[PDB]
DNA sequence: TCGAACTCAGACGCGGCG
DNA sequence: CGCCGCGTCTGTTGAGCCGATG
RNA sequence: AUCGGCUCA
Ligand SMILES: [Mg+2]
């Protein structure tokens, strides 16, 4: 029919039409002219050629570039047959029938807000005033402020305060769906509950950025609303944010506290050897709070307090026991949020992020779900608050070069010179010299790194009530690398010791290694050699995603159908499981 | 020190003396085009090659011909600015000189019949503006260089395509500039193969027979044989001693009269030694030695003529009798061994079905053109015009050089066409590389890739146009009259114009020029792409091309490239790189002579760099002598090591020719990682020019060159002293020495106020000099969009103090204060363009008028009589800009309504309206309205007003020019009159006009009065004719596309400022997205009252290792302390001597810096204005790899009384307590970026719908809904939700009845759903059942 | 959007999909090779019924 | 109907020929 | 049975912008 | 509506 192949007008009397009209005109003309030549009984060769040209016109209409060469349009581009309005990434089955466009939606730029609770998100005023329009019309007409629809249109556009009151009424208890593309796995879209703010950006909780894989440096996010009454209950009971906190790939929790809260939890619960209020006794966590806040005691200075802890070892009900424990002041501040079912030895340690994750998991095992949600949120709040209150900056005095670094490199160079001398006298072969040189450089690397880390970790020497003691350090780089916020040992080694040997594009290992680091600055061709590996990494990261996405598609398309249908199949024996520690250890 | 240097001197910390200074940043376009159009006399470059390559054309019969002579370019009708306002191309006409001579057919050379001589107009060619950009239909446009594989020969080896074999396969290739390729190849069992243009594989040697030369001659050329004699009894073989080598003996080798070598005995070196000491070559051998051999030369029965054995064929022992009896006393054979001389040619022969030339040509001919009969002419023509015609195959000037060099000939140049010897040599060296001699080439070498730029591309396109014309010239010349045929008639200028105007504006490489910065220009013009016509594609290119090669050192930047799909395909040219004469890249170096680094500089290519040994810039030169330390670091043959003090040959020039210009502007580049520096150098090009620009406190010395050479600031043309300065023009008066004696010597600069940049930002210029102060040639007189006193200043520098703060800077987020928004130091201007056109419909013409049917009087206050908005009225989305009505059908009527419509009196042709309106969501303040009209349409009132205004300004400018000209000239014409006596009291008493009438003396002064009158007359004639010319050019009607009557064009201008969600970033690659705007109180305040302005996050340094920003912060805080100290000295009004002493103390601080500024020379007012300019903070410089060190930066910090460590005590804003630990504080320099929020947020509830498939449109421009791709559908199936995607598949997208009834229910208070069928499904049903397939769905 | 039309061809033609798709579904039925069917339908030879 | 197109590449199944 | 050669068919997902042509 | 080009995560 026509409307399946329109002929759209232009600005200036021009017409843009699909290629189908062109492909049809050619066949119509060939048909008419061949009928003419057939009536008059023209000599044979005219009939032969005319019939063959009719053949070509038809079987170019069916699908263009198959039999011979494709019949191009004006622009040296092939035409669009019927059989390629169904194929490809642009056809019907994939572009227009499995994924629609959708209205009642919007998109914008994300940014953080830490005053939320993890079943909430922010909406700018005007996005929410554009999405929820008909609900507003209904409420106005029901209240009797507007008689007809046009009155409601104008009252909404002029933005009179009653509109803001009604809008605040409507969105209550009405979850929306937030999405971020690409959506690799089922935790990619979740159902939040709005809070209206002013601005232009969709605020979002911190803890649920690990599931989306979102960073706040320019990402974008899309918002949909559910209309009907069943879909609203589905967005509440199946895909809310507080209902799925175990990943379906493997039951490991998915709300690990990320990168800044952990440093606060790690700076509260640690011990100095001298601070103040050394060795006086308290009566509970509350007097510890009063003492730390009034400025009579330091946030971490070892003390002994009295605490009351609850175990529910009985038949499902709690029993209380009290005692004098030997702890700092920071841990006695934490004990105010652990929820009445946990032993006190959860807190007596310096809380790197493994300890925090165990803390949450143990709460989940014993007390169920709701206490875990409340407790996780309180951890986020207190971590932020007591991490800002310390002040923790990084300055060029923190990158500490080991003192014994001239000797190591000088010795290594002497050794390589001797091996070169022995080679030039012919005693040793070609490859043997190469191998011995790389081995000696690797050994020098290792002992430089070990000297560095023996200088960073435990070198604060401080004295109290006597002569001298050594304790673990308070060097900002070391706290950011030990607790687990950011970094690791290898990358501190990049910043302070030698930065290793570098490889050339072929894959070989170049002979003379880098020797300077990022505090001393490095030379010209040392930089020009780092560039090799840097570009190889960058070029690989950009050309995985193609066949990764392709593989995911093929898998989803094979495993599509299967669903769990019956209760018990009644079959007999299956397979057998044994450990696979084989080769080496476990 | 120039006159813009005594204003504000920037301190250098560099320590290496400089030998070569950076060249003109963008020479490559200018030189390429400039040698495209120049008139070369003899050495064809440019257009003259293109003509002289189609050197005269004769007829099919040869009865006449026309001969090309010369050419010239007219002058353009319009200068650039008019050509950009108007909306037309900027071009020049091409006028060619031609002669047609007619030579008679009766006489053999009766040339004296006719000689017609004239000029011919054909085509128009665009020109290059002064900077390097074309204008094409009014939008400035830039075309990018290309980097492709050099034409020539090429060897390599695939790693066993049939990899099951596991054996490498070699091959060779010939590729010319214009023609058809040629490939030679092996097969998994060693049989040579050829192929032409990737056709079917053919067994080789078929070319060898196709040269019409058979086994004998050519395959004697190929092998050189082994000599035998049949001495009437037996066989003797001649043994050259150096033949039996690495071999084994089958019987006891001996001589005619001695025994030499035993049986079963390999021929060691001593055996050859003995044989050559014995001087014996002829040796009797058993005839079994011939059992196994092969013949070499064809031997026949000399009586009958029967071939005993064709050349290069097998033999036997009865054939020994045959050869001896026929009269052959000698036998030539083959010295064959697969390890040395394998029978690859031999097997190739005994697989070829062929014997003579005719069979080979026939087979090829029906191969390439199957079907058509192979007549003798057809076969010969196909094989000649394929490889051996100068018309259809040409290598190059460069291809021949590369060819002859790769085969180790001697003579560089020769013929441009293939021949026999070349193919023979390619085959021989390919077999040679097979046997173990030599080795393959590689592709990424910058000695096999060539750059091709504007001049060459345009030359090729215009040659294509020329040959197309030559066709029709040959056609028409042969037939018609000759004696009355003027040449101008028989050309057509259409094809040249079509080809050229298609390439300059439709090709793969003509692009817009990103006008965000000065960086964006002079990085978009120095760019080297690898795509386009004749190159790769984003999917073909593998992993070998995208990688860094050891030959990029000093020719192409290694840390500058995009991040998307095309990583290594486009990359920017380095700082000092030239281009050779052929096209390969070149780099400077300094010559070393006997340990002394001399001063003369040599440029080196990409292949000669490998022979020598090169030092490095960081090698500590020992004060004019040789190098200090023994084992100087060097590099050669593409590897680095330690060498002596005498072996070195060259030392590279400057410490920074390895990097580009985009990435030599970031300080402390040497400290931070590679890919973080990539992100920094790649988002420094996206800043936005703010209101008032501010210099950077820490730069890398190369600000000034980029700001000047980018051609965006108005530079002085000739020296002088400023005459008149205004906000929109400056008039300068030249010195006497620089004035050539024609004119009066005034220059006039018209600055360009607010204007659109084709990324929708604001371009404007500000005068930079006061009134009455001198100006020397080369200075700057007007800062550009984003400069500051001639220094590139690209963003603003703020006090940052970074530490974690209540999680409002969790991941990369920022936290700006709220007096960064009060001071307006990040707002920007954005202007926008809207247009309205009126055409001629079939019914009739449109109109532009204020009487629009069916509009309330309210919206028509803001239109004048002519129906166009006022200037200055501020509009908001939805209003009217231009009032237009479109006539439509006229139906006929009855007399009664005629009476009525004549009383009420309103209309003849009830008429639609289609006026222009502001698309919703836009606002602003109109600032400029332009009106274009044809030549023949009556000019409405407002266009008349506008043109009259513009004439008024033009006449003011012209009279001012000619009037200050004649102010000098009238000082002259007042001085000259004074001669002839004095009338001192009456001289100025009477009006100056009455100076031609007073007392006259005969002997000379009649000539004086006569010349008064005369020069007045010519002056007035020049004035009037000049003004008439200008008025004619202004009032001139315009030209429009067919069917258009007149078009108006309206601008708008908004003002955007900071709010949450909006992006920022530093120079080192630390992005971020503002998170909160925080009152003044809450900002942490140091011990003295002053708060902070940004609060970054310290958890972002250790994990990405961009340690640049910490040191940059410390220098910031060091460089502001001195500014504060000068401010204190200067408000308190101290004295001059103290300022002199302190400032001189600040410029002598480094270890061994090269800059030494002595200001005991400066005069007192100059010192005072310098101290005025530094009171905001002393600027500092730090070249890229020769930076400042921690000792020097700490000496600075200790000069201004600041803590040496770098970090201070910060209190808190809300509670008044002290932060537990010290905190860093300093001055970062950070940038806007134009990923604003106001261009991203979008929201839809109901709107348009498509036409063919009935589901909502897409994109913000046309108010569409988002997309729910199949990945989200899988996500929503995994959960188990089934109602939700039924909702998203039918009643929000396609089901028509469903959506209307859903809206009804929602507004009615009932939340339910009645679904149907997505009607694009039944669209699919009809598309399938249209093919002849009966898709149709059963019923219940 | 719903009504259709038709052209009546003067002489029969051959559907591509049932000829040039892989194994031809015509050459498999008649059993004669593909090349013969093209060379008949390209108007190059005759064939005996 | 002359005018390009080029060195994607990896895998699979079929039509000829031994 | 076993090479050996030939024409189809695949290659991430959402968005933003501006020329070109009909 | 198609095509080419630049850019974001
Ligand atoms: Mg991101």
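Protein chains in written order, with the working numbering: chain A, 464 to 1049; chain B, 2 to 1341; chain C, 41 to 89.
Cβ atoms here follow ideal geometry from the backbone N, Cα and C, with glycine treated the same way.
Under a CB-based cut-off of 8 Å, is residue 649 (chain A) close to chain C?
As a working note, residue 649 (chain A) is residue 186 in the first chain. So, not an interface residue.
Run through chain B and tell me which residues come within less than 7 Å of residue 416 (chain A), C-beta to C-beta.
Limits of chain A in this structure are 464 at one end and 1049 at the other, which puts residue 416 (chain A) out of reach.
Hey, would you say the C-beta of residue 678 (chain A) is under 7 Å away from at least one heavy atom of ligand 1?
Working through the first chain from its first residue, we reach residue 678 (chain A) at position 215. Taking 7 Å as the cut-off, one finds at least one heavy atom of ligand 1 near enough to the beta carbon of residue 678 (chain A).
For a quick check, are the C-beta atoms of residue 1102 (chain B) and residue 1111 (chain B) less than 8 Å apart?
Working through the second chain from its first residue, we reach residue 1102 (chain B) at position 1101. Working through the second chain from its first residue, we reach residue 1111 (chain B) at position 1110. The criterion of a C-beta distance shorter than 8 Å is satisfied by residue 1102 (chain B) and residue 1111 (chain B).
Contact residues within the segment 1325–1337 of chain B, judged by C-beta distance below 7 Å to chain C:
Within the segment 1325–1337 of chain B, the residues whose Cβ lies closer than 7 Å to some Cβ of chain C are 1333, listed in chain order.
Between residue 939 (chain A) and the rest of its own chain, which residues show a CB-CB distance below 7 Å, the 5 nearest in sequence each way excluded?
Within the first chain, residue 939 (chain A) is the residue found at index 476, counting from 1. Only residues of its own chain outside the window of five on either side were considered, and among them 855, 856, 857 and 861 have a CB closer than 7 Å to the CB of residue 939 (chain A), listed in chain order.
Return helix, strand or coil for residue 135 (chain B), following the three-state DSSP convention.
Your numbering for residue 135 (chain B) matches position 134 in the second chain. Annotated three-state conformation of residue 135 (chain B) is strand, per DSSP.
Of all the residues that make up the segment 501–530 of chain A, which are near chain C by a beta-carbon distance shorter than 7 Å?
Within the segment 501–530 of chain A, the residues whose Cβ lies closer than 7 Å to some Cβ of chain C are 501, 511, 514, 515, 517, 518, 521, 522, 525, 526, 529 and 530, listed in chain order.
Could you check whether the Cβ of residue 682 (chain A) sits closer than 7 Å to any heavy atom belonging to ligand 1?
Counting from 1 along the first chain, the entry for residue 682 (chain A) is found at position 219. Because some heavy atom of ligand 1 lies under 7 Å away, the Cβ of residue 682 (chain A) counts as near it: yes.
Under 8 Å, Cβ to Cβ, is there at least one residue of chain C near residue 720 (chain A)?
Numbered from 1 along the first chain, position 257 holds the residue referred to as residue 720 (chain A). Among the CB atoms of chain C, none fall inside 8 Å of the CB of residue 720 (chain A).
CB-CB length for residue 1321 (chain B) against residue 566 (chain A), believed under 8 Å
In the second chain, the residue the question calls residue 1321 (chain B) occupies position 1320. In the first chain, the residue the question calls residue 566 (chain A) occupies position 103. Between the beta-carbon of residue 1321 (chain B) and that of residue 566 (chain A) there is about 16 Å, and that puts the pair past the 8 Å contact cut.
Less than 8 Å between the beta carbons of residue 751 (chain A) and residue 792 (chain A), yes or no?
Counting from one through the first chain, the residue named residue 751 (chain A) turns up at place 288. Counting from one through the first chain, the residue named residue 792 (chain A) turns up at place 329. It is a contact, given that the beta carbons lie within the stated cut-off.
Return the chain-ordered list of same chain residues with a C-beta closer than 8 Å to the C-beta of residue 182 (chain B), the five sequence neighbours on each side being excluded.
Taking the second chain and counting its residues from 1, the one referred to as residue 182 (chain B) is at position 181. By the criterion of a C-beta distance shorter than 8 Å, residue 182 (chain B) is surrounded in its chain by 174, 175, 176, 197, 198 and 199, once the five residues flanking it on both sides are discounted.
Can you round the beta-carbon distance between residue 880 (chain B) and residue 918 (chain B) to whole angstroms, since I take them to be within the 8 Å contact cut?
Sequence index remark: in the second chain, residue 880 (chain B) carries index 879 (1-based). Sequence index remark: in the second chain, residue 918 (chain B) carries index 917 (1-based). Contact holds; Cβ gap of about 7 Å.
At the 8 Å Cβ level, is residue 675 (chain B) part of the contact set with chain A, yes or no?
For this step, residue 675 (chain B) is matched to residue 674 along the second chain. Cβ-Cβ to chain A under 8 Å: yes for residue 675 (chain B).
Please report whether the beta-carbon of residue 65 (chain C) lies at a distance below 8 Å from any beta-carbon of chain A.
As a first step, residue 65 (chain C) is located in the third chain; it is residue number 25 there, counting from the start. No, residue 65 (chain C) lies away from the interface with chain A (no Cβ there is under 8 Å from its Cβ).
Using a Cβ-Cβ distance cut-off of 8 Å, determine whether residue 466 (chain A) contacts chain B.
Within the first chain, numbered from 1, the residue matching residue 466 (chain A) stands at position 3. By this cut-off, residue 466 (chain A) is an interface position.
Go through its chain and collect everything with a Cβ distance to residue 518 (chain B)'s Cβ below 7 Å, but skip five positions before and after it.
Start at 1 with the first residue of the second chain, and residue 518 (chain B) comes out as number 517. Excluding residues within five positions, the ones whose Cβ falls inside 7 Å are 686, 688, 787 and 795.
Determine, for residue 46 (chain C), whether the minimum Cβ-Cβ distance to residues of chain B falls below 8 Å.
What you label residue 46 (chain C) is simply residue 6 of the third chain in a count that begins at 1. Not closer than 8 Å to any Cβ of chain B, the Cβ of residue 46 (chain C) fails to qualify, so no.
Interface residues of the segment 885–907 of chain A facing chain C [CB-CB below 7 Å]:
Hits within the stretch: zero.
Contact set between residue 539 (chain A) and chain B, taken where Cβ atoms lie within less than 7 Å:
Your numbering for residue 539 (chain A) matches position 76 in the first chain. Within chain B, no residue comes near residue 539 (chain A); the closest Cβ sits about 12 Å away, beyond 7 Å.
Does the beta-carbon distance from residue 928 (chain B) to residue 885 (chain B) come in below 8 Å?
Taking the first residue of the second chain as position 1, residue 928 (chain B) is located at position 927. Taking the first residue of the second chain as position 1, residue 885 (chain B) is located at position 884. No.
Okay, do the segment 520–533 of chain A and the segment 541–560 of chain A touch, 3+ Cβ pairs below 8 Å being the bar?
These segments touch.
Please give the ranges of any beta strand (DSSP E) in the segment 104–150 of chain B, keeping only runs that are unbroken, at least 3 residues long and fully inside the region.
Counting only runs of 3 or more residues that sit fully inside the segment 104–150 of chain B, the beta strand (DSSP E) segments are 111–127, 135–137, 140–144 and 146–150, in chain order.
Which class does residue 770 (chain B) belong to by DSSP, given the choice of helix, strand or coil?
Numbered from its first residue, the second chain carries residue 770 (chain B) at position 769. Here residue 770 (chain B) sits in coil by DSSP.
Around the Cβ of residue 976 (chain A), are there at least 16 other Cβ atoms within 10 angstroms (buried) or fewer (exposed)?
In the first chain, residue 976 (chain A) corresponds to position 513, counting from 1. Classification for residue 976 (chain A): buried.
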